[PDB]
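Single-structure report; data block below.
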Amino acid sequence: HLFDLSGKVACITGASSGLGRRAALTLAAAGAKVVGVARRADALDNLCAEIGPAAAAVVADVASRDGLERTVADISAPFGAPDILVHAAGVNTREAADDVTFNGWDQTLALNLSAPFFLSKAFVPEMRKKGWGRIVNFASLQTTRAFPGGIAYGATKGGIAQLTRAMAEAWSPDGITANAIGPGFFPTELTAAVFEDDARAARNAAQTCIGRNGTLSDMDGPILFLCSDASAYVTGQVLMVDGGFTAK
Amino acid sequence: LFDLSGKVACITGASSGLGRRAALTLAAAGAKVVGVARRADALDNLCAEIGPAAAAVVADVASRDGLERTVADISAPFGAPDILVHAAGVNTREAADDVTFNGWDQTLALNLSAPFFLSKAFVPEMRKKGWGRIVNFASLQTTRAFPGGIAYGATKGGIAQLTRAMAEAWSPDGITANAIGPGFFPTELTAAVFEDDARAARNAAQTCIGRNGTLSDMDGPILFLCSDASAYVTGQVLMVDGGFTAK
Amino acid sequence: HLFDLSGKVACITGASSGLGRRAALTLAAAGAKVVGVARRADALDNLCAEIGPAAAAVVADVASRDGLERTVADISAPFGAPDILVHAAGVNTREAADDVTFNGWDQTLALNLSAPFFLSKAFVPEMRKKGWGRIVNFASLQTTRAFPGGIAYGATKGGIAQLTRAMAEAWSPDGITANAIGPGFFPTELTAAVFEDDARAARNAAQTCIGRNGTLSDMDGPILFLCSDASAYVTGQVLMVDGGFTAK
Amino acid sequence: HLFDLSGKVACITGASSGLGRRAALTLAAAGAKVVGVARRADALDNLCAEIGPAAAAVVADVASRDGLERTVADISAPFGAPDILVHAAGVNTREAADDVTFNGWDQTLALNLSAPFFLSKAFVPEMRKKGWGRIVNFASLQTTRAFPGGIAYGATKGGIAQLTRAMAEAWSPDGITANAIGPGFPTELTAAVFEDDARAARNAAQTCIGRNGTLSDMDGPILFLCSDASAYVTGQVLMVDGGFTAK
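Protein chains in written order, with full-length UniProt numbering: chain X, 6 to 253; chain V, 7 to 253; chain A, 6 to 253; chain B, 6 to 189, 191 to 253.
Here's what the structure looks like:
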């Protein structure tokens, strides 16, 4: 009952790899129709093949300002206006502070901070008409903890926390909750610089309370929790899925 | 992911409000539940509503002399619990300049010491199973000081770090520890709030949604934290407060 | 002595009004040479007259990318490279979520988040050569609490918190601390829509623990604290100067 | 003049070693009369000799409930009622979760959480009459981060954060601010860390700066929180930790 997503439409950005891909899998398994958004078709088609006819694929650069109107139309085309929006697209350039370039900084802010806001803003009117909506932003361990090479990334992930609260303040009266999941270290696109260094992966695993890094299945429950009726009275929260990394 | 069949849950403070609803939700997910309270008749009402998956234990969980039998009695109907929900609490409402030794000590004993020593008693059987769930109850007064709440706030800020410490100690053994932080619900700890209509209206307007909680709001979060779905969530405070803290 | 700034140079952005202006006054009174930065000359000239020969004025748009190199040269010209950097320039467009424009959003991000980073980055090398530096960013109550009309502003002020932590992680090994001061409600450039409405000012005053809004003098001690030897082992922190607004 | 404490009286608990001792030196150097509180007279006498005639020493167990009235009288005797209260007394028993004893837990709560509240409560009326007061509590890295062996300690240090906020909500309308300094230091309370060279080295590398604290690091912060400079800072935790918490 509470975690059933039948009759719901979800859009997932960054859906061609890692956490966005698994999020699309989990929401589809819960009965949702899913629209995966990514830059490159071929991985989106792989994902859609794994899911079947409940999955549609949209190729788009969600950071592109010119593209926004068409991106929104294409997302809405297969299954109608989405009820659920999971913003798993992100980038970490890994430029340390004294090496940051204008372009690395600007691309990080455009994808991690500006894109989730303008995409959500485009989709809110239909959610408000329905009186029901779920926005899941992606926070980070660098929402609160500065790691080497993460200054732009950290800026945007600290931004995502207050942005999530702001979206709640603006839109939760209309039945749209806005929360942010903060994964720890998972084998994803945005890692593997970490998961190629066996020793660093071991340190990171030892920093958690549990003593291990995440596996993709770890995100199934949290994603479902935040995207369903179960979380109706949870809004404007950061939920860390990190094995206790932040508790130590 | 959310199936609790084959699991045993103990809920303290189970005779009213949020603890009662937690027992209902966990039983509905297939768990055997043991409700703990001081008062038998409300516990039996709860057990009647649930049926044979529910047992009732009468105990003062703050009593140090009582700890061993409280633990034995909880373990008796269904075996050692896998899930522990510490929903027992007190707010004496003594403002700072009116705080008494007894009110302070009763707040610390029930809200802070009791969840620790009860969890400690139950951790060995969870570790032998390699699986366990601890849910503490945090509060809006974990971070926000309200009139008359100084002792209560002390213990609820304490509960946050205590939950982290429980995670650090026990999560390597498959025992997660998290704290759920309700906003304003009609419960035992409230009705000083909810029988004052204007105050309830102000509190509702302080949330992002614009309403106070209903008991059903807590079903999903509780089950989320008590099930396989939250295996990699530990040492966290999850506010269930309609955005009260977001504003 | 702990609070003596003799021989130090401070640059303060947003120096022509409100908190930036008062910060310049406080640092000059502690013995520092100060360079006030603002858009229009006449107010900076007033401030310099009040301070006297320890004050210099630089007219610049610190958000301008083209302007950054000469902005930095002009700041460095009167007294040499600054040791202390106080980023009090900011904007709040007050556009609510469903009214946000590209231009309002981009201008908020450019001034509130990108400007402090690239300005600090330009000045860090001389601080590192001296082995001593103070960076003070301006956080906000909207670093953690969403207010009506503040979604862009809040995004950047949540960003400023993690950015301050990231600056600490990058530069504090070289003797440069980075902290963020978080004013509550003061009568300033950014709050007069707020201080302009007597009832709203009274509500905000009642939300503090003390029971009053800030006066400019309230910022003197904290600013000095964060800019002096007294704070040598404080870095990557947010210090709220808000009468307990956040405690309730 | 913002940081001048001439004409003010400060009481520092735990004043015979480490951070309380350094706090007493700092406040005295800023012109305050200081009363050092400790259990053993002789270290207090050393401190008083170093300070000179601005220092008085009081022997007391600030966790003692019976002793409270007399402790307060003795603190007030040499220089009058204090304007500044610095609660540097604390204990960390270092008992891990499965080893906690009733006595270790009770002594941690009694000293670290209950003592600061009841001592502050005893002294606030005279501060309120003056319309001016400073309360400095000691938070900790374990206010937010669980370290091995710190479960009781962490409970009390998370508690101190909300207790500080509650003290602000109760007493800041009368001119009494209440803040907590959270040191990341060679002290009484950390020598198990500083007698292990490798542990000190990781701890130093975990900070942003790359070093552990020296006692002098606390001079500016203590003064900041104890003076006119911080009139509009209340209910805050100020970490003095080299960026330990930023990473």
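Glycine included, each C-beta is placed from N, C-alpha and C at the ideal position.
Along the chain, where does the alpha helix (DSSP H) that runs through residue i open and close?
i: X/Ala37; result: Taken as a continuous stretch (DSSP letters only), X/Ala37 belongs to no alpha helix (DSSP H), as it is neither H nor E.
i: V/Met172; result: 156–176
i: B/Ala210; result: 203–212
i: A/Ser81; result: 73–81
i: A/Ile228; result: 225–232
i: X/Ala252; result: First-last for X/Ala252: undefined, no H or E at that position.
i: B/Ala198; result: 197–200
DSSP puts residue i in a beta bridge; with which residues?
i: A/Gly138; result: A/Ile181
i: V/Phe191; result: BP columns for V/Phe191 are empty, so no partner.
i: B/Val239; result: Per DSSP, none; premise fails for B/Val239.
i: A/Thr18; result: A/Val42, A/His92
i: X/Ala61; result: X/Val40
i: X/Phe143; result: X/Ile186
i: B/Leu118; result: BP columns for B/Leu118 are empty, so no partner.
i: X/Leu244; result: X/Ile186
Pull up the distance between the alpha-carbon of residue i and that of residue j, whole angstroms please.
i: A/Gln242; j: A/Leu231; result: 10 angstroms
i: X/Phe190; j: B/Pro227; result: 36 angstroms
i: A/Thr213; j: V/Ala144; result: 23 angstroms
i: B/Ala185; j: B/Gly95; result: 14 angstroms
i: X/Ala115; j: X/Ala68; result: 6 angstroms
i: V/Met245; j: B/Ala29; result: 40 angstroms
i: residue 277 of chain V; j: V/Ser22; result: Shown here, chain V extends from 7 to 253; a query on residue 277 of chain V therefore has no answer.
i: B/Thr169; j: B/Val40; result: 22 angstroms
i: X/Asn209; j: X/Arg217; result: 8 angstroms
i: A/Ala235; j: V/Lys126; result: 44 angstroms
Using beta carbons (cut-off 8 angstroms, strictly below), is residue i in contact with chain B?
i: V/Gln112; result: no
i: V/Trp137; result: no
i: residue 4 of chain A; result: Residue 4 of chain A is absent from the model: chain A starts at 6 and stops at 253.
i: V/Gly189; result: no
i: V/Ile181; result: no
i: A/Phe8; result: yes
i: A/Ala33; result: no
i: A/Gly36; result: no
Kindly list the residues whose CB is nearer than 6 angstroms to the CB of residue i, restricted to its own chain and excluding five residues on each side of it in sequence; keep chain order.
i: B/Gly109; result: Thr98, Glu100
i: V/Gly25; result: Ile17, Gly19, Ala93
i: X/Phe84; result: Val14, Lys38
If we cut at 8 angstroms on Cβ distances, does residue i have a partner in chain A?
i: V/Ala252; result: yes
i: B/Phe230; result: yes
i: V/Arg150; result: yes
i: B/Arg27; result: no
i: B/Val246; result: yes
i: X/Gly72; result: no
i: B/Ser145; result: no
i: X/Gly216; result: no
Between residue i and chain X, is any beta-carbon pair separated by less than 8 angstroms?
i: B/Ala204; result: no
i: V/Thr240; result: yes
i: V/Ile140; result: no
i: A/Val105; result: yes
i: A/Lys162; result: yes
i: V/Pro192; result: no
i: V/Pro121; result: no
Kindly list the residues whose CB is nearer than 8 angstroms to the CB of residue i, restricted to its own chain and excluding five residues on each side of it in sequence; keep chain order.
i: B/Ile156; result: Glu100, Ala101, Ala102, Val105
i: A/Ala198; result: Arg99
Once the 5 residues before and after residue i are set aside, which same chain residues still bring their CB inside 7 angstroms of it?
i: B/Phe123; result: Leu73
i: A/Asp79; result: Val63, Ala65
i: A/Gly249; result: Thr213, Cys214, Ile215
i: B/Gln147; result: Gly155, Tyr158, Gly159, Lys162
Taking 8 angstroms as the CB-CB cut-off, is residue i touching chain V?
i: X/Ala185; result: no
i: X/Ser125; result: no
Practice problem: Note down, in chain order, all residues in the segment 51–70 of chain B with a beta-carbon under 7 angstroms from any beta-carbon belonging to chain D. | Solution: Among the protein chains of the structure shown, namely X, V, A and B, there is no chain D.
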